[PDB]
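Shown next: coords-v6.pdb, given as PDB, C-alpha atoms.
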```pdb
ATOM      1  CA  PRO A 135      18.646   4.063 -14.647  1.00  0.00           C
ATOM      2  CA  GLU A 136      19.013   1.891 -11.592  1.00  0.00           C
ATOM      3  CA  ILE A 137      19.638   3.070  -8.053  1.00  0.00           C
ATOM      4  CA  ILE A 138      21.239   0.626  -5.629  1.00  0.00           C
ATOM      5  CA  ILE A 139      21.303   1.542  -1.950  1.00  0.00           C
ATOM      6  CA  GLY A 140      22.249  -1.305   0.348  1.00  0.00           C
ATOM      7  CA  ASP A 141      19.574  -3.960  -0.147  1.00  0.00           C
ATOM      8  CA  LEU A 142      17.289  -1.575  -2.054  1.00  0.00           C
ATOM      9  CA  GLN A 143      17.002  -1.462  -5.826  1.00  0.00           C
ATOM     10  CA  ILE A 144      15.033   1.349  -7.427  1.00  0.00           C
ATOM     11  CA  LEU A 145      14.109   1.126 -11.123  1.00  0.00           C
ATOM     12  CA  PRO A 146      12.676   4.577 -11.970  1.00  0.00           C
ATOM     13  CA  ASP A 147      11.539   3.939 -15.558  1.00  0.00           C
ATOM     14  CA  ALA A 148       9.637   0.843 -14.408  1.00  0.00           C
ATOM     15  CA  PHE A 149       8.322   2.444 -11.187  1.00  0.00           C
ATOM     16  CA  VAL A 150       9.623  -0.614  -9.334  1.00  0.00           C
ATOM     17  CA  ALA A 151      11.368  -0.879  -5.970  1.00  0.00           C
ATOM     18  CA  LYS A 152      12.850  -4.136  -4.665  1.00  0.00           C
ATOM     19  CA  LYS A 153      14.194  -5.132  -1.262  1.00  0.00           C
ATOM     20  CA  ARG A 154      16.576  -8.105  -1.337  1.00  0.00           C
ATOM     21  CA  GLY A 155      15.346  -8.806  -4.866  1.00  0.00           C
ATOM     22  CA  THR A 156      11.622  -8.907  -4.030  1.00  0.00           C
ATOM     23  CA  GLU A 157       9.246  -6.251  -5.363  1.00  0.00           C
ATOM     24  CA  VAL A 158       7.778  -3.923  -2.756  1.00  0.00           C
ATOM     25  CA  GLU A 159       4.186  -2.853  -3.373  1.00  0.00           C
ATOM     26  CA  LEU A 160       4.295   0.951  -3.151  1.00  0.00           C
ATOM     27  CA  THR A 161       1.688   3.575  -3.954  1.00  0.00           C
ATOM     28  CA  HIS A 162       2.559   6.101  -6.626  1.00  0.00           C
ATOM     29  CA  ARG A 163       3.373   8.762  -4.043  1.00  0.00           C
ATOM     30  CA  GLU A 164       5.363   6.393  -1.842  1.00  0.00           C
ATOM     31  CA  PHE A 165       7.505   5.452  -4.832  1.00  0.00           C
ATOM     32  CA  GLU A 166       7.955   9.112  -5.816  1.00  0.00           C
ATOM     33  CA  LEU A 167       9.058   9.967  -2.287  1.00  0.00           C
ATOM     34  CA  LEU A 168      11.423   6.990  -2.094  1.00  0.00           C
ATOM     35  CA  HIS A 169      12.894   7.820  -5.495  1.00  0.00           C
ATOM     36  CA  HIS A 170      13.480  11.459  -4.551  1.00  0.00           C
ATOM     37  CA  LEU A 171      15.206  10.581  -1.264  1.00  0.00           C
ATOM     38  CA  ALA A 172      17.255   7.894  -3.057  1.00  0.00           C
ATOM     39  CA  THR A 173      18.585  10.268  -5.714  1.00  0.00           C
ATOM     40  CA  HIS A 174      19.719  12.659  -2.986  1.00  0.00           C
ATOM     41  CA  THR A 175      21.217  10.287  -0.410  1.00  0.00           C
ATOM     42  CA  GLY A 176      22.423  11.862   2.828  1.00  0.00           C
ATOM     43  CA  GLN A 177      20.578  15.092   2.031  1.00  0.00           C
ATOM     44  CA  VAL A 178      18.154  16.214   4.741  1.00  0.00           C
ATOM     45  CA  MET A 179      14.840  17.409   3.372  1.00  0.00           C
ATOM     46  CA  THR A 180      12.161  19.331   5.270  1.00  0.00           C
ATOM     47  CA  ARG A 181       8.547  18.204   5.071  1.00  0.00           C
ATOM     48  CA  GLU A 182       7.699  21.459   3.290  1.00  0.00           C
ATOM     49  CA  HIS A 183      10.400  20.869   0.681  1.00  0.00           C
ATOM     50  CA  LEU A 184       9.220  17.297   0.173  1.00  0.00           C
ATOM     51  CA  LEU A 185       5.617  18.452  -0.269  1.00  0.00           C
ATOM     52  CA  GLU A 186       6.460  20.823  -3.132  1.00  0.00           C
ATOM     53  CA  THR A 187       8.997  18.511  -4.802  1.00  0.00           C
ATOM     54  CA  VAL A 188       7.166  15.178  -4.490  1.00  0.00           C
ATOM     55  CA  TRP A 189       3.491  16.267  -4.431  1.00  0.00           C
ATOM     56  CA  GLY A 190       4.061  19.319  -6.660  1.00  0.00           C
ATOM     57  CA  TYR A 191       4.376  23.098  -6.551  1.00  0.00           C
ATOM     58  CA  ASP A 192       0.617  23.532  -6.784  1.00  0.00           C
ATOM     59  CA  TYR A 193       0.000  21.176  -3.850  1.00  0.00           C
ATOM     60  CA  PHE A 194      -0.937  23.040  -0.663  1.00  0.00           C
ATOM     61  CA  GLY A 195      -2.082  20.116   1.484  1.00  0.00           C
ATOM     62  CA  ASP A 196      -1.200  19.224   5.080  1.00  0.00           C
ATOM     63  CA  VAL A 197       2.524  18.688   5.720  1.00  0.00           C
ATOM     64  CA  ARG A 198       1.374  15.779   7.884  1.00  0.00           C
ATOM     65  CA  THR A 199       0.863  13.936   4.598  1.00  0.00           C
ATOM     66  CA  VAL A 200       4.650  13.654   4.346  1.00  0.00           C
ATOM     67  CA  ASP A 201       4.840  12.022   7.799  1.00  0.00           C
ATOM     68  CA  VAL A 202       2.113   9.535   6.856  1.00  0.00           C
ATOM     69  CA  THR A 203       3.897   8.619   3.644  1.00  0.00           C
ATOM     70  CA  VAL A 204       7.249   8.159   5.383  1.00  0.00           C
ATOM     71  CA  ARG A 205       5.564   5.841   7.909  1.00  0.00           C
ATOM     72  CA  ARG A 206       4.051   3.695   5.134  1.00  0.00           C
ATOM     73  CA  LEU A 207       7.377   3.599   3.373  1.00  0.00           C
ATOM     74  CA  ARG A 208       9.109   2.466   6.584  1.00  0.00           C
ATOM     75  CA  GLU A 209       6.483  -0.210   7.222  1.00  0.00           C
ATOM     76  CA  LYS A 210       7.021  -1.542   3.695  1.00  0.00           C
ATOM     77  CA  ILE A 211      10.843  -1.351   3.286  1.00  0.00           C
ATOM     78  CA  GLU A 212      12.386  -1.525   6.805  1.00  0.00           C
ATOM     79  CA  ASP A 213      13.271  -4.723   8.660  1.00  0.00           C
ATOM     80  CA  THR A 214      12.572  -2.855  11.891  1.00  0.00           C
ATOM     81  CA  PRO A 215      10.648   0.379  11.316  1.00  0.00           C
ATOM     82  CA  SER A 216      11.392   1.598  14.851  1.00  0.00           C
ATOM     83  CA  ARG A 217      15.087   1.342  13.905  1.00  0.00           C
ATOM     84  CA  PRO A 218      15.260   2.245  10.225  1.00  0.00           C
ATOM     85  CA  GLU A 219      18.411   1.836   8.164  1.00  0.00           C
ATOM     86  CA  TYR A 220      17.141   3.541   5.009  1.00  0.00           C
ATOM     87  CA  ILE A 221      14.562   6.260   5.701  1.00  0.00           C
ATOM     88  CA  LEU A 222      15.988   8.288   8.568  1.00  0.00           C
ATOM     89  CA  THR A 223      14.847  11.271  10.580  1.00  0.00           C
ATOM     90  CA  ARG A 224      17.040  14.233  11.429  1.00  0.00           C
ATOM     91  CA  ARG A 225      15.219  15.324  14.566  1.00  0.00           C
ATOM     92  CA  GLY A 226      13.577  18.733  14.274  1.00  0.00           C
ATOM     93  CA  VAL A 227      14.743  19.212  10.692  1.00  0.00           C
ATOM     94  CA  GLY A 228      13.573  16.570   8.202  1.00  0.00           C
ATOM     95  CA  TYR A 229      13.973  13.211   6.473  1.00  0.00           C
ATOM     96  CA  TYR A 230      16.723  11.630   4.400  1.00  0.00           C
ATOM     97  CA  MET A 231      17.899   8.403   2.824  1.00  0.00           C
ATOM     98  CA  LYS A 232      20.955   6.970   4.515  1.00  0.00           C
ATOM     99  CA  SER A 233      23.962   6.877   2.197  1.00  0.00           C
ATOM    100  CA  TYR A 234      25.676   3.522   1.667  1.00  0.00           C
ATOM    101  CA  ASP A 235      28.455   2.336  -0.679  1.00  0.00           C
TER     102      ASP A 235
ATOM    103  CA  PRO B 135      -9.115  15.869 -15.669  1.00  0.00           C
ATOM    104  CA  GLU B 136     -11.671  14.270 -13.390  1.00  0.00           C
ATOM    105  CA  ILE B 137     -13.437  11.000 -14.096  1.00  0.00           C
ATOM    106  CA  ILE B 138     -16.594  10.063 -12.211  1.00  0.00           C
ATOM    107  CA  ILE B 139     -17.931   6.518 -12.452  1.00  0.00           C
ATOM    108  CA  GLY B 140     -20.523   5.485  -9.879  1.00  0.00           C
ATOM    109  CA  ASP B 141     -18.926   5.939  -6.452  1.00  0.00           C
ATOM    110  CA  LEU B 142     -15.459   6.370  -7.981  1.00  0.00           C
ATOM    111  CA  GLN B 143     -13.566   9.600  -8.547  1.00  0.00           C
ATOM    112  CA  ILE B 144     -10.343   9.387 -10.517  1.00  0.00           C
ATOM    113  CA  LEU B 145      -8.086  12.456 -10.477  1.00  0.00           C
ATOM    114  CA  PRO B 146      -5.392  11.746 -13.095  1.00  0.00           C
ATOM    115  CA  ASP B 147      -3.189  14.814 -12.444  1.00  0.00           C
ATOM    116  CA  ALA B 148      -3.038  13.949  -8.737  1.00  0.00           C
ATOM    117  CA  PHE B 149      -2.721  10.169  -9.241  1.00  0.00           C
ATOM    118  CA  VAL B 150      -5.583   9.812  -6.776  1.00  0.00           C
ATOM    119  CA  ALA B 151      -8.595   7.519  -6.805  1.00  0.00           C
ATOM    120  CA  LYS B 152     -11.395   7.905  -4.268  1.00  0.00           C
ATOM    121  CA  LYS B 153     -14.286   5.591  -3.443  1.00  0.00           C
ATOM    122  CA  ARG B 154     -17.203   7.297  -1.707  1.00  0.00           C
ATOM    123  CA  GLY B 155     -14.929  10.283  -1.117  1.00  0.00           C
ATOM    124  CA  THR B 156     -12.149   8.290   0.567  1.00  0.00           C
ATOM    125  CA  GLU B 157      -8.728   7.828  -1.058  1.00  0.00           C
ATOM    126  CA  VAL B 158      -7.953   4.296  -2.194  1.00  0.00           C
ATOM    127  CA  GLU B 159      -4.370   3.150  -1.716  1.00  0.00           C
ATOM    128  CA  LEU B 160      -3.379   1.893  -5.150  1.00  0.00           C
ATOM    129  CA  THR B 161       0.052   0.985  -6.418  1.00  0.00           C
ATOM    130  CA  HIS B 162       1.358   2.997  -9.326  1.00  0.00           C
ATOM    131  CA  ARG B 163       0.524   0.208 -11.772  1.00  0.00           C
ATOM    132  CA  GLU B 164      -2.939  -0.381 -10.313  1.00  0.00           C
ATOM    133  CA  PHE B 165      -3.784   3.302 -10.737  1.00  0.00           C
ATOM    134  CA  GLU B 166      -2.476   3.273 -14.317  1.00  0.00           C
ATOM    135  CA  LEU B 167      -4.640   0.275 -15.121  1.00  0.00           C
ATOM    136  CA  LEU B 168      -7.725   1.790 -13.509  1.00  0.00           C
ATOM    137  CA  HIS B 169      -7.199   5.105 -15.311  1.00  0.00           C
ATOM    138  CA  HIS B 170      -6.839   3.362 -18.663  1.00  0.00           C
ATOM    139  CA  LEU B 171     -10.000   1.293 -18.244  1.00  0.00           C
ATOM    140  CA  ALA B 172     -11.870   4.357 -16.954  1.00  0.00           C
ATOM    141  CA  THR B 173     -10.954   6.445 -20.011  1.00  0.00           C
ATOM    142  CA  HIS B 174     -11.980   3.623 -22.366  1.00  0.00           C
ATOM    143  CA  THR B 175     -15.270   2.475 -20.854  1.00  0.00           C
ATOM    144  CA  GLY B 176     -17.141  -0.347 -22.581  1.00  0.00           C
ATOM    145  CA  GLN B 177     -14.024  -1.211 -24.570  1.00  0.00           C
ATOM    146  CA  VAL B 178     -12.934  -4.799 -23.956  1.00  0.00           C
ATOM    147  CA  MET B 179      -9.169  -5.123 -23.678  1.00  0.00           C
ATOM    148  CA  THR B 180      -7.071  -8.268 -23.931  1.00  0.00           C
ATOM    149  CA  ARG B 181      -4.310  -8.899 -21.411  1.00  0.00           C
ATOM    150  CA  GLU B 182      -1.768  -8.555 -24.207  1.00  0.00           C
ATOM    151  CA  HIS B 183      -3.163  -5.141 -25.151  1.00  0.00           C
ATOM    152  CA  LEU B 184      -3.216  -4.042 -21.507  1.00  0.00           C
ATOM    153  CA  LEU B 185       0.402  -5.111 -21.065  1.00  0.00           C
ATOM    154  CA  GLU B 186       1.547  -2.910 -23.930  1.00  0.00           C
ATOM    155  CA  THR B 187      -0.621   0.104 -23.064  1.00  0.00           C
ATOM    156  CA  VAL B 188      -0.386   0.098 -19.254  1.00  0.00           C
ATOM    157  CA  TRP B 189       3.083  -1.419 -18.645  1.00  0.00           C
ATOM    158  CA  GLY B 190       4.584  -0.091 -21.899  1.00  0.00           C
ATOM    159  CA  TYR B 191       5.597  -1.136 -25.407  1.00  0.00           C
ATOM    160  CA  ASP B 192       9.025  -2.250 -24.157  1.00  0.00           C
ATOM    161  CA  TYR B 193       7.487  -4.436 -21.427  1.00  0.00           C
ATOM    162  CA  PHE B 194       7.664  -8.125 -22.348  1.00  0.00           C
ATOM    163  CA  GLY B 195       6.574  -9.713 -19.081  1.00  0.00           C
ATOM    164  CA  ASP B 196       3.984 -12.396 -18.349  1.00  0.00           C
ATOM    165  CA  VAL B 197       0.318 -11.707 -19.188  1.00  0.00           C
ATOM    166  CA  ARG B 198      -0.475 -13.227 -15.775  1.00  0.00           C
ATOM    167  CA  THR B 199       0.756  -9.919 -14.358  1.00  0.00           C
ATOM    168  CA  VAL B 200      -2.371  -8.299 -15.812  1.00  0.00           C
ATOM    169  CA  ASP B 201      -4.605 -10.867 -14.048  1.00  0.00           C
ATOM    170  CA  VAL B 202      -2.826 -10.271 -10.736  1.00  0.00           C
ATOM    171  CA  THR B 203      -3.147  -6.517 -11.059  1.00  0.00           C
ATOM    172  CA  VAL B 204      -6.869  -6.740 -11.899  1.00  0.00           C
ATOM    173  CA  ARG B 205      -7.365  -8.944  -8.830  1.00  0.00           C
ATOM    174  CA  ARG B 206      -5.580  -6.418  -6.584  1.00  0.00           C
ATOM    175  CA  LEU B 207      -7.595  -3.606  -8.093  1.00  0.00           C
ATOM    176  CA  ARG B 208     -10.851  -5.461  -7.453  1.00  0.00           C
ATOM    177  CA  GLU B 209      -9.883  -6.176  -3.847  1.00  0.00           C
ATOM    178  CA  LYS B 210      -9.244  -2.464  -3.310  1.00  0.00           C
ATOM    179  CA  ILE B 211     -12.176  -0.835  -5.162  1.00  0.00           C
ATOM    180  CA  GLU B 212     -14.970  -3.451  -5.205  1.00  0.00           C
ATOM    181  CA  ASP B 213     -17.401  -3.816  -2.311  1.00  0.00           C
ATOM    182  CA  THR B 214     -17.786  -7.432  -3.442  1.00  0.00           C
ATOM    183  CA  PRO B 215     -14.924  -8.627  -5.650  1.00  0.00           C
ATOM    184  CA  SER B 216     -16.771 -11.841  -6.573  1.00  0.00           C
ATOM    185  CA  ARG B 217     -19.548  -9.632  -7.958  1.00  0.00           C
ATOM    186  CA  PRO B 218     -17.753  -6.572  -9.313  1.00  0.00           C
ATOM    187  CA  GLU B 219     -19.551  -3.481 -10.589  1.00  0.00           C
ATOM    188  CA  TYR B 220     -16.557  -1.610 -12.010  1.00  0.00           C
ATOM    189  CA  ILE B 221     -13.836  -3.942 -13.276  1.00  0.00           C
ATOM    190  CA  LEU B 222     -15.572  -6.584 -15.390  1.00  0.00           C
ATOM    191  CA  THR B 223     -14.457  -9.692 -17.273  1.00  0.00           C
ATOM    192  CA  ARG B 224     -15.466 -10.598 -20.799  1.00  0.00           C
ATOM    193  CA  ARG B 225     -15.038 -14.365 -20.651  1.00  0.00           C
ATOM    194  CA  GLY B 226     -12.165 -15.612 -22.792  1.00  0.00           C
ATOM    195  CA  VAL B 227     -11.399 -12.163 -24.198  1.00  0.00           C
ATOM    196  CA  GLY B 228     -10.405  -9.536 -21.660  1.00  0.00           C
ATOM    197  CA  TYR B 229     -11.286  -6.893 -19.119  1.00  0.00           C
ATOM    198  CA  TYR B 230     -13.324  -3.731 -19.301  1.00  0.00           C
ATOM    199  CA  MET B 231     -14.780  -0.960 -17.225  1.00  0.00           C
ATOM    200  CA  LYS B 232     -18.545  -0.837 -17.156  1.00  0.00           C
ATOM    201  CA  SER B 233     -20.047   2.234 -18.759  1.00  0.00           C
ATOM    202  CA  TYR B 234     -22.401   4.364 -16.625  1.00  0.00           C
TER     203      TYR B 234
END
```

Let's see the structure in the file written out as structure tokens.
Amino acid sequence: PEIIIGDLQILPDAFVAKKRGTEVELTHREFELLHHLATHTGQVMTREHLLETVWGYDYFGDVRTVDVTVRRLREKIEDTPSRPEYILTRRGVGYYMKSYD
Amino acid sequence: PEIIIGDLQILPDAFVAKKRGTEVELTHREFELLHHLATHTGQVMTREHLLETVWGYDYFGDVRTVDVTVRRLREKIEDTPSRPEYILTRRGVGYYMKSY
């Protein structure tokens, strides 16, 4: 398995993400979130949905944890986090990975 | 599972490590390495052995990767990395987690 989205390469079996061919140092949960968004490109996901799918069905922590993790992911993979081209917000609804070709 | 070593709490099912009750931001591979050492305390492990057990039996990368990952781990979980109290070196042989 290998997921290519623009300049991102995700190697799920290796738990490795690269941006322009350089490895990005991600936490376990950051990688799991990135991988989930990347295997459902263009699909808007609520914070609640992301909590149960990425943190687990027995995880009842603060939804804010999703926002924190998206911020870290943006700081690590975006050229300009204030203007992301991979991890996008649908205002009022959720997060998604931008679809490319 | 819950592993307690000194000021460290390792929660394997949650992939969470805490130091003095605060979560430590570890990469996936750093956590895997820490968990392995922590479940085999006092056991000295060569870099070659760590590569196969922590990166996998199909991983044929550089042993230097183990040294890098131990350094990162030390920087994140040791109060004083030059004088570690968790992730120890056995000179010439390997790495191990001190038993408590």

Kindly indicate which residue among A:235, A:219, A:183, A:159 lies nearest to residue 203 in chain B, using all atoms listed in the file for the distances.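 Closest to residue 203 in chain B, using all atoms listed in the file: A:159.
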
Hey, which bits of chain B sit within 9 Å of chain A, and for each residue what's the closest pair of atoms and how far apart in Å (one decimal), counting all atoms listed in the file, rows by chain and increasing number, as CSV?
```
residue,atom,partner,partner_atom,distance
B:148,CA,A:189,CA,8.2
B:149,CA,A:162,CA,7.2
B:150,CA,A:162,CA,8.9
B:159,CA,A:161,CA,6.5
B:160,CA,A:161,CA,5.5
B:161,CA,A:161,CA,3.9
B:162,CA,A:162,CA,4.3
B:163,CA,A:162,CA,8.1
B:164,CA,A:161,CA,8.8
B:165,CA,A:162,CA,8.1
B:189,CA,A:148,CA,8.1
```

Just write the chosen residues, C-alpha atoms, as a compact mmCIF listing (two decimals), keeping the file's coordinate frame.
```txt
# COMPACT_ATOMS: atom_id res chain seq x y z
CA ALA B 148 -3.04 13.95 -8.74
CA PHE B 149 -2.72 10.17 -9.24
CA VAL B 150 -5.58 9.81 -6.78
CA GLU B 159 -4.37 3.15 -1.72
CA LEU B 160 -3.38 1.89 -5.15
CA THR B 161 0.05 0.98 -6.42
CA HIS B 162 1.36 3.00 -9.33
CA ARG B 163 0.52 0.21 -11.77
CA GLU B 164 -2.94 -0.38 -10.31
CA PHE B 165 -3.78 3.30 -10.74
CA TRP B 189 3.08 -1.42 -18.64
```

Name all residues at most 12 Å from range 197-200 of chain B (count only C-alpha atoms; drop same-chain ones fewer than 6 positions away) and give them as a VMD selection string. chain B and resid 163 to 164 166 to 168 179 to 189 206 to 207 228 to 229

Nearest to residue 139 in chain A among A:188, A:182, A:172, A:157, with distances taken over all atoms listed in the file: which residue is it?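 Counting all atoms listed in the file, the residue closest to residue 139 in chain A is A:172.
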
For the PyMOL selection byres ((chain B and resi 138) around 12), applied here, can you spell out every residue it catches as JSON, numbers by chain? {"B": [135, 136, 137, 139, 140, 141, 142, 143, 144, 145, 146, 151, 152, 153, 154, 155, 169, 172, 173, 175, 220, 233, 234]}

Box for range 194-199 of chain B: with edges along x, y and z, all listed atoms inside and 5 Å added on each side, what are the centre and edge lengths in Å to one decimal, as AutoDock Vina command-line options?
```
--center_x 3.6 --center_y -10.7 --center_z -18.4 --size_x 18.1 --size_y 15.1 --size_z 18.0
```

Interatomic distance between CA of residue 221 in chain A and CA of residue 147 in chain A?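 If I compute the distance from CA of residue 221 in chain A to CA of residue 147 in chain A, I get 21.6 Å.
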
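Every protein, DNA or RNA residue with an atom at most 12 Å from residue 174 in chain A, where only C-alpha atoms count and chain neighbours fewer than 2 positions away do not, is listed here: residues 137, 139, 167, 168, 169, 170, 171, 172, 176, 177, 178, 179, 184, 221, 229, 230, 231, 232, 233 and 234 of chain A.
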
Can you give me, as a short mmCIF file (atom, residue, chain, number, x, y, z; two decimals) with C-alpha atoms, keeping the file's coordinate frame, the residues this file yields under the PyMOL selection byres ((chain A and resi 201) around 12)?
```cif
data_model
loop_
_atom_site.label_atom_id
_atom_site.label_comp_id
_atom_site.auth_asym_id
_atom_site.auth_seq_id
_atom_site.Cartn_x
_atom_site.Cartn_y
_atom_site.Cartn_z
CA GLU A 164 5.36 6.39 -1.84
CA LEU A 167 9.06 9.97 -2.29
CA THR A 180 12.16 19.33 5.27
CA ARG A 181 8.55 18.20 5.07
CA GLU A 182 7.70 21.46 3.29
CA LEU A 184 9.22 17.30 0.17
CA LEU A 185 5.62 18.45 -0.27
CA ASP A 196 -1.20 19.22 5.08
CA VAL A 197 2.52 18.69 5.72
CA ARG A 198 1.37 15.78 7.88
CA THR A 199 0.86 13.94 4.60
CA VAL A 200 4.65 13.65 4.35
CA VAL A 202 2.11 9.54 6.86
CA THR A 203 3.90 8.62 3.64
CA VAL A 204 7.25 8.16 5.38
CA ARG A 205 5.56 5.84 7.91
CA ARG A 206 4.05 3.70 5.13
CA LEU A 207 7.38 3.60 3.37
CA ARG A 208 9.11 2.47 6.58
CA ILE A 221 14.56 6.26 5.70
CA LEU A 222 15.99 8.29 8.57
CA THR A 223 14.85 11.27 10.58
CA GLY A 228 13.57 16.57 8.20
CA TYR A 229 13.97 13.21 6.47
#
```

Figure out the distance between CA of residue 209 in chain B and CA of residue 230 in chain B, please, to one decimal in Å. 16.0 Å

Kindly give the distance, in Å, that separates CA of residue 152 in chain A and CA of residue 135 in chain A, rounded to a single decimal.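 Going from CA of residue 152 in chain A over to CA of residue 135 in chain A, I get 14.2 Å.
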
Neighbours of residue 218 in chain B within 12 Å (all atoms listed in the file; same-chain residues fewer than 4 positions away dropped), as a VMD selection string? chain B and resid 204 to 205 207 to 214 222 to 223 229 to 232

Could you please take those selected residues and save C-alpha atoms as a PDB file, keeping the file's coordinate frame?
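Final file, out_31.pdb:
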```
ATOM      1  CA  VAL B 204      -6.869  -6.740 -11.899  1.00  0.00           C
ATOM      2  CA  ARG B 205      -7.365  -8.944  -8.830  1.00  0.00           C
ATOM      3  CA  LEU B 207      -7.595  -3.606  -8.093  1.00  0.00           C
ATOM      4  CA  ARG B 208     -10.851  -5.461  -7.453  1.00  0.00           C
ATOM      5  CA  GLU B 209      -9.883  -6.176  -3.847  1.00  0.00           C
ATOM      6  CA  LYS B 210      -9.244  -2.464  -3.310  1.00  0.00           C
ATOM      7  CA  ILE B 211     -12.176  -0.835  -5.162  1.00  0.00           C
ATOM      8  CA  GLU B 212     -14.970  -3.451  -5.205  1.00  0.00           C
ATOM      9  CA  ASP B 213     -17.401  -3.816  -2.311  1.00  0.00           C
ATOM     10  CA  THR B 214     -17.786  -7.432  -3.442  1.00  0.00           C
ATOM     11  CA  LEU B 222     -15.572  -6.584 -15.390  1.00  0.00           C
ATOM     12  CA  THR B 223     -14.457  -9.692 -17.273  1.00  0.00           C
ATOM     13  CA  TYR B 229     -11.286  -6.893 -19.119  1.00  0.00           C
ATOM     14  CA  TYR B 230     -13.324  -3.731 -19.301  1.00  0.00           C
ATOM     15  CA  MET B 231     -14.780  -0.960 -17.225  1.00  0.00           C
ATOM     16  CA  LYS B 232     -18.545  -0.837 -17.156  1.00  0.00           C
TER      17      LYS B 232
END
```
